[PDB]
Amino acid sequence: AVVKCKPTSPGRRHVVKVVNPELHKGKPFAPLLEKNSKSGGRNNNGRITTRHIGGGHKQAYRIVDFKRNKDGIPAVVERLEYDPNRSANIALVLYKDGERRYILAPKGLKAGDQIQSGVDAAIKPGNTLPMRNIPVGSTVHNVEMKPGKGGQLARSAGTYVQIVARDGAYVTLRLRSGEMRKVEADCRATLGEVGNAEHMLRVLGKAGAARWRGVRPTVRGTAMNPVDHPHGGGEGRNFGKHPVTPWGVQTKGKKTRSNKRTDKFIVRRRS
RNA sequence: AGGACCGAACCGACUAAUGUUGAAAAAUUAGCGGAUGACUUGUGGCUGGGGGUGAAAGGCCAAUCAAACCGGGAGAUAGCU
RNA sequence: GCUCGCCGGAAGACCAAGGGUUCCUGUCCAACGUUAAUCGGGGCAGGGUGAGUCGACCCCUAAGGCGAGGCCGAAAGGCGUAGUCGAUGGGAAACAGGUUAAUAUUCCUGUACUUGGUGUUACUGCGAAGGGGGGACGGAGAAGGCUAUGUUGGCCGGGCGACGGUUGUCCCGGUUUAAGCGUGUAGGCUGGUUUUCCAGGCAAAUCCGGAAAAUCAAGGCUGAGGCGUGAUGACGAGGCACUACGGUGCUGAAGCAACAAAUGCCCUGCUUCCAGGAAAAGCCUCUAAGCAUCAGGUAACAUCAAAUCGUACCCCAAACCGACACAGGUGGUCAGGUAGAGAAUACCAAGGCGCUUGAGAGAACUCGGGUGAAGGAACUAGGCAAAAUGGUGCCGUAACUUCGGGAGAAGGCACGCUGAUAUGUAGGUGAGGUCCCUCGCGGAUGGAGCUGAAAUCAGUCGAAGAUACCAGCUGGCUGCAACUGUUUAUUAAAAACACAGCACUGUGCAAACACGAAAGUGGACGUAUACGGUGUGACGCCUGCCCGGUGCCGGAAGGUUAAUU
RNA sequence: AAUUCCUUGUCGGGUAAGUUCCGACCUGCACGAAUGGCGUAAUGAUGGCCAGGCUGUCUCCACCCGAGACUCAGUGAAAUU
RNA sequence: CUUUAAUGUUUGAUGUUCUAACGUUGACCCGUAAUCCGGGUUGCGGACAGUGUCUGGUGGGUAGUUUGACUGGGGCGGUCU
């Protein structure tokens, strides 16, 4: 639940917590863990390509199954767990055959709840089927964009998409961004929304709370000298030029999509 | 519980005096700040010059930085001393 | 050699890194040493570093590096798979004592341990570049149970005091002993056992996992310390003989208990929180391909092997980095006594030093300090500096406020010593004995002895009892910024930079964007409650008018318009 | 006003006397609403001002303790010219 | 040879469809005890995309450079035949 701390110190007034006792107060499933070394926003060349990334708390990667291709085998939820590599929580499930796997935790999932994947699955949250069988107007998550590769849409805390139509081998969807996309009617999708909706209500309250996430401070650009940024300098706070990224692009309205290749799957775009 | 309080180690460097061919090519003495954290530290590693890195001062990149150092073009050019 | 003085959470002791003979002895004093020098980290010569158990090498891997093929690229070359390197991490085993002018957990003595090879004997399902388990992991906090260690008592030995007194409730010293083996406690986790079945673990599996039953509740794992053994020993203050007073043989007393007690061990635990906490091998198992009077496996005994390199010395410093025998810098371990909350501070122990020019004089002035009549900021750009405050407990404490704070607000009182309450209380610790007992490192009882606050009353000395070192000045109005933090190494620590929060905008994933001739990588093993960029800068009340200009986003009838033809 | 040239604006408070400071006035040379506006408890080695206490900061210096200076012996520089 | 409809062929435009180039940072199989790469099967896209040459626009993102003289000092102003 959302919990507002008390102002026992400057740094605890505006901090807001998102607690959940349903989560496992123990270690995760080790067989489904992997090393995850932080990068610092640097690539094989050692150069910073994405700024404002550095440090943070150590993290281990949980192998989550975004495909959900084990059809015809029921699975019961064992426990809900916390995942630092994503904004949503994950649910450890146990299949009847004795195989355990991690999945995204939908809105109304608990311990003991049953789920299943395939074409002959029931229409309940947590189950996964190709969208050809999902009734129109429904709500799903962890949607595939190409059959078999795995879910790529609606994977965040409280995100979802709504199936709005189905013409042929394609179905039209409205993503959480408002974009009206269409994908093949063979991509698997999971019923229901991802359950951590109260995640957005969280309030860090202090700077150090962002440094635990691996987020480094952001220096604006106005106060940064001409040689280091177009906005640069000026005696005082002048900024008498158009807002612009480094490397010289607007950043305040200019559209930068230049795909051309995948424009046939975008019905409406947004706004 | 706490980027919580006082305060040593530890990390810093606000004031003053001294020193200024210094003990020291930035220190000493007396006080000062932080001191479970955006902390500090050892070892090793990556990022290379119009580039790197930068909680951004044009700061740092081997006592050298508004474009490092070494060599080379090179006996640059110098209507000036 | 006798005194004096200094450090003693080091100015002591042991190491790494680094250095590389500076170590020890003898000899020499030109140069080196900021003076002399018989001395020296100086010169010359000689000697000195002994390991199956410490470390490296080695096995395993992290970041990351190289990278067969391969992809990419004018050439050079770049990225990278399989792989192979790479510790700052994981992985078998030795303790005490004695000894050299200089080394030792390395030599000697004593007592142990570990991993392998071979052979014999006995009993046998063995087998992986595969599966599983385990290794394997965070922060904070809370105690409890222990020890290191210390104090006191007792015991042993010695002593009877350079000056009054000191045969006693006196003084000094010592009272030490390990690994390992055995016991398996305080205490923590766990419910076990048997049989059947199974879409899983790339194939298989008696293993893991899962399902369903039956039968039992005691089964097991981990585990400091303690005790016993180790040890009829060793060491041992001191003695008997030699004694070049340089030291060597023999002998060598007591060698217990209680209390206190860690930041260390139980603890890779328990509790709790969000920021959700390495990998791989060794090791334990599983079977497959395959091999079965073999081979291999297991236990026992015997025997052999455990190589190679390092080991001296300095290591907060005269030996490393700083041009110096330079008030500098340099990571880890050991952590005594009194007072104290304390690793602060003061005085000491062990131990180590007095800082490589001295003597004398006692002017100005300079530096670092002490005191000060009366006044008390009149000094000055400015209370710069200095002075002052300073502790514990009780009492008590304003505006304002985001109700947490402000606040240690301010302010006021009491602190010593002796005695009594109480021949040392409350409290803590806990013996003998008794009772019980699954007869054990047990439980209960028992309260001996030891230790030991705080408070009250009374009395007493001093100018002064938080007496030393140590140790907040306080309050009021106001600007800026919310705050903690960050910054111009070497004249600027700030109202600047960050910041949480807010907003605009971009981005549908082969994402935008960025580094790259490209491959590709990061973004992200993320998927719009997400990522990037811009600006603002907690919170609270708000954020008005203008789209002409520039830019961005959209739309079209027309005009204008490139290559091309 | 961190913004006000004229300017020590005007009035008042505080002082024996206040170009600074506090509070109102508005005549804003040339504030103004996210290059944010106005408030804001707490915080700050932050800027400015007033008090109590305190003192050699000063009136106005005086004495004393030490290290130099001075003399002797030894070693033995430097900028400059 | 002034004139104009159904054709054949000719090429051009718009639209629809297909697959065979090309693409696949979709799935599966082998090389292979390999998330590289390649080959193969299939699916999805599909002559679009993307690349090359040419070309228009944008383009301080990044370079190389210019930004006069006289002058009762220079600058502002004025002046230059």
Side-chain angles (χ1 to χ4, degrees), chain A residues 5-15 17 19 25 28 30-31 34-37 39 41-53 55-61 70 72-73 82-88 94-100 145-149 151-159 175-177 179 181 184 194 196-197 199-213 216-225 227-228 230-231 233 237-240 242-257 259-262 264-266 269:
Chain A
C5 302
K6 290 197 162 184
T8 51
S9 62
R12 299 279 296 185
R13 318 194 74 106
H14 318 277
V15 65
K17 293 256 207 92
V19 310
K25 282 177 182 175
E34 287 222 330
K35 178 176 60 42
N36 195 16
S37 59
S39 62
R42 298 161 172 72
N43 60 343
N44 52 12
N45 288 341
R47 302 277 186 90
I48 295 173
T49 69
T50 312
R51 318 186 304 175
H52 314 338
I53 312 186
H57 200 110
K58 207 175 187 181
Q59 288 174 345
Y61 183 66
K70 272 246 287 182
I73 316 183
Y82 174 89
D83 198 3
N85 309 275
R86 59 200 64 262
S87 35
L94 174 61
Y95 287 82
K96 277 286 183 175
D97 59 355
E99 183 170 356
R100 282 179 166 89
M145 297 165 69
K146 289 178 73 172
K149 57 144 53 163
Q152 299 179 285
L153 314 159
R155 281 168 38 161
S156 180
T159 314
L175 289 66
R176 203 51 158 67
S177 47
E179 179 164 316
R181 182 172 178 91
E184 278 143 85
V194 196
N196 203 351
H199 152 280
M200 63 190 306
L201 310 184
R202 177 172 38 64
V203 185
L204 308 183
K206 65 173 195 173
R211 308 287 263 98
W212 308 332
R213 309 308 211 292
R216 276 187 50 72
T218 296
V219 54
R220 285 168 288 148
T222 327
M224 227 191 218
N225 307 302
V227 65
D228 304 315
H231 304 162
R237 313 203 180 99
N238 299 133
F239 197 94
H242 288 108
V244 84
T245 0
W247 317 286
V249 191
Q250 192 85 0
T251 63
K252 199 119 293 183
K254 170 158 185 308
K255 297 182 168 290
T256 185
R257 180 184 207 270
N259 201 252
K260 208 111 88 116
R261 155 178 74 110
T262 164
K264 63 203 158 226
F265 303 135
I266 291 264
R269 182 89 204 292

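Labels below follow one simple rule: chain letters A, B, ... track the order of the sequence lines, proteins then strands, and each chain is numbered from 1.
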Would B:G51 and B:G52 count as a stacked step, six-ring centres under 5.5 angstrom and planes under 30 degrees apart?
yes

Do C:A45 and C:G46 stack, judged by ring centres under 5.5 Å and ring planes under 30°?
yes

Heavy-atom side-chain proximity of A:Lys254 to A:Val249 below 4.5 angstrom:
yes

Any side-chain heavy-atom pair of A:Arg86 and A:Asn196 under 4.5 Å
no

As a test of reading the structure: which of C:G508, B:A1, C:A500 is closest to the side chain of A:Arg12, going by heavy atoms?
B:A1

Counting heavy atoms from C-beta on, name the nucleotide in C:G533, C:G209, E:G26 closest to the side chain of A:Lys149.
E:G26

Give a yes or no on whether a donor-acceptor pair under 3.5 Å exists between the nucleobase atoms of [N], that is its base, and the side chain of [X].
X: A:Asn43; N: C:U521; answer: yes
X: A:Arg211; N: B:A38; answer: yes
X: A:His14; N: C:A538; answer: yes
X: A:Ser177; N: C:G508; answer: yes
X: A:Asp97; N: C:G209; answer: no
X: A:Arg13; N: C:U402; answer: yes

For A:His231 and A:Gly221, the nearest pair of non-hydrogen atoms, with its separation, is CB-O, 3.5 Å

Upstream residue (5' side of RNA chain C) when A:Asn85 and A:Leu204 are each assigned their closest nucleotide:
A:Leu204

Does the ring of A:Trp247 meet both stacking tests against the six-membered base ring of C:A514: centre distance under 5.5 Å and plane angle under 30°?
no

